[PDB]
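Participant: First the structure, which I've put down as structure tokens, then a few questions once you've had a look.
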Amino acid sequence: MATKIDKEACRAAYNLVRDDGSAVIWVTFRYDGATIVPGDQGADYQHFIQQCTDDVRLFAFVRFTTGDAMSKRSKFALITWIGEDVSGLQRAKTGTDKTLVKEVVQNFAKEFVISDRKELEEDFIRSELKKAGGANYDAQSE
């Protein structure tokens, strides 16, 4: 009804992506019909490359190294993939659903959004966490 998210799957990988067993570096799901359920995956970053597609949309969740916060020695963040060739239907859905799975976050630090494959670089998401200081307030919002 309205929208159905299967965060149940991501969850299993969300916190398990921190275990020394599965190893599934990250997991991505895509709006299949009227529900959000696993669609692709990755055991390493190189996969995100054979997995990135400007013609698809999905969220990503990989554990990046922090080399600082001795906390589990590692950072946790989610990434959004907005392909530039998907229908307009799922578009309005991503907005409502991306907020659903986002509220079920309880094992990370911050989420990020992307619009290009070159933006999926590690030095890009790494320098993004080291920031952790939203100050666009003087930007009158966007």
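Every chain in the structure tokens has a letter given in the order shown (A, B, ...), and although residue numbers restart at 1 in each chain, ligands are simply numbered from 1 in the order shown.
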How close does each residue of segment 37-94 of chain A get to segment 16-29 of chain A, giving the shortest atom pair and distance in Å to one decimal for every residue with an atom at most 8 Å away, counting only C-alpha atoms, sorted by chain and residue number, as CSV?
Facilitator:
```
residue,atom,partner,partner_atom,distance
A:37,CA,A:29,CA,5.1
A:38,CA,A:29,CA,3.9
A:39,CA,A:29,CA,4.6
A:40,CA,A:28,CA,5.3
A:41,CA,A:27,CA,4.5
A:42,CA,A:26,CA,5.5
A:43,CA,A:24,CA,4.7
A:44,CA,A:25,CA,5.7
A:45,CA,A:25,CA,7.5
A:58,CA,A:29,CA,5.6
A:59,CA,A:28,CA,5.4
A:60,CA,A:28,CA,5.0
A:61,CA,A:26,CA,4.9
A:62,CA,A:26,CA,4.3
A:63,CA,A:25,CA,6.6
```
Participant: Give me a file of those residues, with N, CA, C and O atoms, as a short mmCIF file (atom, residue, chain, number, x, y, z; two decimals), in the first residue's frame.
Facilitator:
```cif
data_model
loop_
_atom_site.label_atom_id
_atom_site.label_comp_id
_atom_site.auth_asym_id
_atom_site.auth_seq_id
_atom_site.Cartn_x
_atom_site.Cartn_y
_atom_site.Cartn_z
N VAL A 37 13.69 -4.30 -3.32
CA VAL A 37 14.35 -5.55 -2.84
C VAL A 37 15.70 -5.72 -3.54
O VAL A 37 15.89 -5.28 -4.65
N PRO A 38 16.63 -6.39 -2.90
CA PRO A 38 17.98 -6.65 -3.46
C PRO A 38 17.96 -6.80 -4.98
O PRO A 38 17.08 -7.42 -5.54
N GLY A 39 18.93 -6.24 -5.65
CA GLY A 39 18.97 -6.35 -7.14
C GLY A 39 20.39 -6.67 -7.57
O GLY A 39 20.63 -7.39 -8.52
N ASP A 40 21.34 -6.12 -6.88
CA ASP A 40 22.76 -6.36 -7.22
C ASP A 40 23.57 -6.45 -5.92
O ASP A 40 23.04 -6.36 -4.84
N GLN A 41 24.85 -6.64 -6.03
CA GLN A 41 25.69 -6.75 -4.81
C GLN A 41 27.15 -6.45 -5.14
O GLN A 41 27.48 -6.01 -6.22
N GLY A 42 28.02 -6.70 -4.21
CA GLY A 42 29.46 -6.45 -4.47
C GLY A 42 30.29 -7.08 -3.36
O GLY A 42 29.94 -7.05 -2.20
N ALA A 43 31.41 -7.65 -3.72
CA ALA A 43 32.30 -8.28 -2.72
C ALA A 43 33.55 -7.42 -2.62
O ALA A 43 34.43 -7.63 -1.81
N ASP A 44 33.61 -6.43 -3.47
CA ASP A 44 34.77 -5.50 -3.48
C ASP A 44 34.33 -4.20 -4.16
O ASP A 44 33.23 -4.10 -4.66
N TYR A 45 35.17 -3.21 -4.19
CA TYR A 45 34.78 -1.93 -4.85
C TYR A 45 34.75 -2.13 -6.36
O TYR A 45 33.83 -1.73 -7.04
N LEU A 58 19.64 3.00 -7.52
CA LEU A 58 19.67 2.09 -6.35
C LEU A 58 20.52 2.71 -5.24
O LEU A 58 21.25 3.66 -5.45
N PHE A 59 20.45 2.18 -4.04
CA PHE A 59 21.26 2.74 -2.93
C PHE A 59 22.49 1.87 -2.73
O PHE A 59 22.49 0.71 -3.09
N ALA A 60 23.53 2.40 -2.15
CA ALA A 60 24.76 1.58 -1.92
C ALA A 60 25.16 1.67 -0.45
O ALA A 60 24.87 2.64 0.22
N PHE A 61 25.81 0.67 0.06
CA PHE A 61 26.22 0.70 1.49
C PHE A 61 27.56 -0.03 1.65
O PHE A 61 27.60 -1.23 1.76
N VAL A 62 28.65 0.69 1.66
CA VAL A 62 29.98 0.02 1.81
C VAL A 62 30.70 0.57 3.04
O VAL A 62 30.50 1.69 3.45
N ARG A 63 31.54 -0.23 3.64
CA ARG A 63 32.29 0.23 4.84
C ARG A 63 33.63 0.81 4.39
O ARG A 63 34.45 0.12 3.81
#
```
Participant: May I have all residues of segment 7-69 of chain A that DSSP, computed from the backbone, assigns to alpha helix (DSSP H), given as a PyMOL selection string?
Facilitator: chain A and resi 7-16+45-51
Participant: Using N, CA and C atoms, can you write the selected residues to a file as a PDB file, in the first residue's frame?
Facilitator:
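Output below, filename out.pdb:
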```pdb
ATOM      1  N   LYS A   7      13.708  -3.310   3.407  1.00  0.00           N
ATOM      2  CA  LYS A   7      14.952  -3.023   4.175  1.00  0.00           C
ATOM      3  C   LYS A   7      15.376  -4.276   4.941  1.00  0.00           C
ATOM      4  N   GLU A   8      14.487  -5.218   5.099  1.00  0.00           N
ATOM      5  CA  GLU A   8      14.850  -6.466   5.827  1.00  0.00           C
ATOM      6  C   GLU A   8      16.094  -7.070   5.177  1.00  0.00           C
ATOM      7  N   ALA A   9      16.161  -7.045   3.874  1.00  0.00           N
ATOM      8  CA  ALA A   9      17.353  -7.604   3.179  1.00  0.00           C
ATOM      9  C   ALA A   9      18.560  -6.715   3.478  1.00  0.00           C
ATOM     10  N   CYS A  10      18.518  -5.481   3.052  1.00  0.00           N
ATOM     11  CA  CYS A  10      19.662  -4.566   3.320  1.00  0.00           C
ATOM     12  C   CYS A  10      20.102  -4.731   4.773  1.00  0.00           C
ATOM     13  N   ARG A  11      19.194  -4.607   5.705  1.00  0.00           N
ATOM     14  CA  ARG A  11      19.579  -4.745   7.135  1.00  0.00           C
ATOM     15  C   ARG A  11      20.521  -5.939   7.295  1.00  0.00           C
ATOM     16  N   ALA A  12      20.071  -7.109   6.938  1.00  0.00           N
ATOM     17  CA  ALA A  12      20.936  -8.314   7.073  1.00  0.00           C
ATOM     18  C   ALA A  12      22.358  -7.978   6.611  1.00  0.00           C
ATOM     19  N   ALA A  13      22.495  -7.234   5.548  1.00  0.00           N
ATOM     20  CA  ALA A  13      23.860  -6.885   5.052  1.00  0.00           C
ATOM     21  C   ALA A  13      24.373  -5.633   5.767  1.00  0.00           C
ATOM     22  N   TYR A  14      23.501  -4.716   6.051  1.00  0.00           N
ATOM     23  CA  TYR A  14      23.916  -3.456   6.727  1.00  0.00           C
ATOM     24  C   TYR A  14      24.858  -3.763   7.895  1.00  0.00           C
ATOM     25  N   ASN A  15      24.350  -4.386   8.926  1.00  0.00           N
ATOM     26  CA  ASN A  15      25.202  -4.692  10.110  1.00  0.00           C
ATOM     27  C   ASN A  15      26.138  -5.870   9.817  1.00  0.00           C
ATOM     28  N   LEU A  16      25.719  -6.814   9.015  1.00  0.00           N
ATOM     29  CA  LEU A  16      26.617  -7.969   8.719  1.00  0.00           C
ATOM     30  C   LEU A  16      27.792  -7.485   7.868  1.00  0.00           C
ATOM     31  N   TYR A  45      35.170  -3.211  -4.191  1.00  0.00           N
ATOM     32  CA  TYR A  45      34.781  -1.931  -4.847  1.00  0.00           C
ATOM     33  C   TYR A  45      34.752  -2.127  -6.364  1.00  0.00           C
ATOM     34  N   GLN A  46      35.763  -2.745  -6.897  1.00  0.00           N
ATOM     35  CA  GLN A  46      35.820  -2.967  -8.365  1.00  0.00           C
ATOM     36  C   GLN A  46      34.446  -3.396  -8.885  1.00  0.00           C
ATOM     37  N   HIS A  47      33.666  -4.050  -8.073  1.00  0.00           N
ATOM     38  CA  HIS A  47      32.321  -4.475  -8.540  1.00  0.00           C
ATOM     39  C   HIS A  47      31.457  -3.234  -8.777  1.00  0.00           C
ATOM     40  N   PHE A  48      31.433  -2.319  -7.839  1.00  0.00           N
ATOM     41  CA  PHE A  48      30.613  -1.085  -8.019  1.00  0.00           C
ATOM     42  C   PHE A  48      30.802  -0.576  -9.453  1.00  0.00           C
ATOM     43  N   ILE A  49      31.934  -0.854 -10.039  1.00  0.00           N
ATOM     44  CA  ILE A  49      32.199  -0.391 -11.435  1.00  0.00           C
ATOM     45  C   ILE A  49      31.423  -1.246 -12.444  1.00  0.00           C
ATOM     46  N   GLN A  50      31.439  -2.547 -12.299  1.00  0.00           N
ATOM     47  CA  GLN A  50      30.675  -3.400 -13.254  1.00  0.00           C
ATOM     48  C   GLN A  50      29.230  -3.392 -12.789  1.00  0.00           C
ATOM     49  N   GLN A  51      28.971  -2.555 -11.834  1.00  0.00           N
ATOM     50  CA  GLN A  51      27.615  -2.456 -11.253  1.00  0.00           C
ATOM     51  C   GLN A  51      27.062  -1.045 -11.440  1.00  0.00           C
TER      52      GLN A  51
END
```
Participant: Select, from A:85, A:66, A:30, A:76, the residue with the minimum atom-to-atom distance to residue 112 of chain A, counting only C-alpha atoms.
Facilitator: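 Checking each candidate against residue 112 of chain A, we get A:76 as the closest.
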Participant: Select, from A:4, A:57, A:98, A:110, the residue with the minimum atom-to-atom distance to residue 126 of chain A, counting only C-alpha atoms.
Facilitator: A:110
Participant: Which neighbours of residue 68 of chain A fall inside 12 Å, counting only C-alpha atoms, when residues of the same chain fewer than 6 positions from it are skipped, and could you give them as a ChimeraX atom specification?
Facilitator: /A:74-75,126,129-130
Participant: Which is closest to residue 65 of chain A among A:101, A:125, A:82, A:120, if we use only C-alpha atoms?
Facilitator: A:125
Participant: Quick one: residues within 8 Å of segment 92-97 of chain A, only C-alpha atoms counted, chain neighbours fewer than 3 positions away excluded, as a ChimeraX atom specification?
Facilitator: /A:3-5,31,36,88-89,100-101
Participant: Taking N, CA and C atoms for each residue, export the selection above as an mmCIF file, in the first residue's frame.
Facilitator:
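Result file follows (part.cif):
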```cif
data_model
loop_
_atom_site.group_PDB
_atom_site.id
_atom_site.type_symbol
_atom_site.label_atom_id
_atom_site.label_comp_id
_atom_site.auth_asym_id
_atom_site.auth_seq_id
_atom_site.Cartn_x
_atom_site.Cartn_y
_atom_site.Cartn_z
ATOM 1 N N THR A 3 3.627 2.346 -0.461
ATOM 2 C CA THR A 3 5.037 1.963 -0.754
ATOM 3 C C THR A 3 5.445 0.791 0.140
ATOM 4 N N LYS A 4 6.274 -0.085 -0.359
ATOM 5 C CA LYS A 4 6.719 -1.249 0.459
ATOM 6 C C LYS A 4 8.236 -1.394 0.336
ATOM 7 N N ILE A 5 8.944 -1.275 1.427
ATOM 8 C CA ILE A 5 10.427 -1.398 1.371
ATOM 9 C C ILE A 5 10.864 -2.727 1.996
ATOM 10 N N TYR A 31 14.097 -0.581 -7.078
ATOM 11 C CA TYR A 31 12.617 -0.670 -7.040
ATOM 12 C C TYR A 31 12.129 -1.689 -8.064
ATOM 13 N N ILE A 36 10.962 -2.417 -2.906
ATOM 14 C CA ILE A 36 12.443 -2.236 -3.000
ATOM 15 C C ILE A 36 13.123 -3.493 -2.456
ATOM 16 N N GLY A 88 10.051 7.913 -15.048
ATOM 17 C CA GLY A 88 9.712 8.957 -14.039
ATOM 18 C C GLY A 88 8.911 8.335 -12.890
ATOM 19 N N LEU A 89 8.370 7.165 -13.093
ATOM 20 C CA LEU A 89 7.565 6.516 -12.017
ATOM 21 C C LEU A 89 8.432 6.267 -10.781
ATOM 22 N N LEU A 100 12.272 5.997 3.693
ATOM 23 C CA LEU A 100 11.854 4.863 4.562
ATOM 24 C C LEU A 100 13.090 4.089 5.026
ATOM 25 N N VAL A 101 13.856 3.568 4.105
ATOM 26 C CA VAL A 101 15.069 2.792 4.495
ATOM 27 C C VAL A 101 16.051 3.696 5.245
#
```
Participant: Expressed in Å to a single decimal, how great is the separation between atom CA of residue 132 of chain A and atom CA of residue 114 of chain A?
Facilitator: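 These atoms are spaced 16.8 Å apart.
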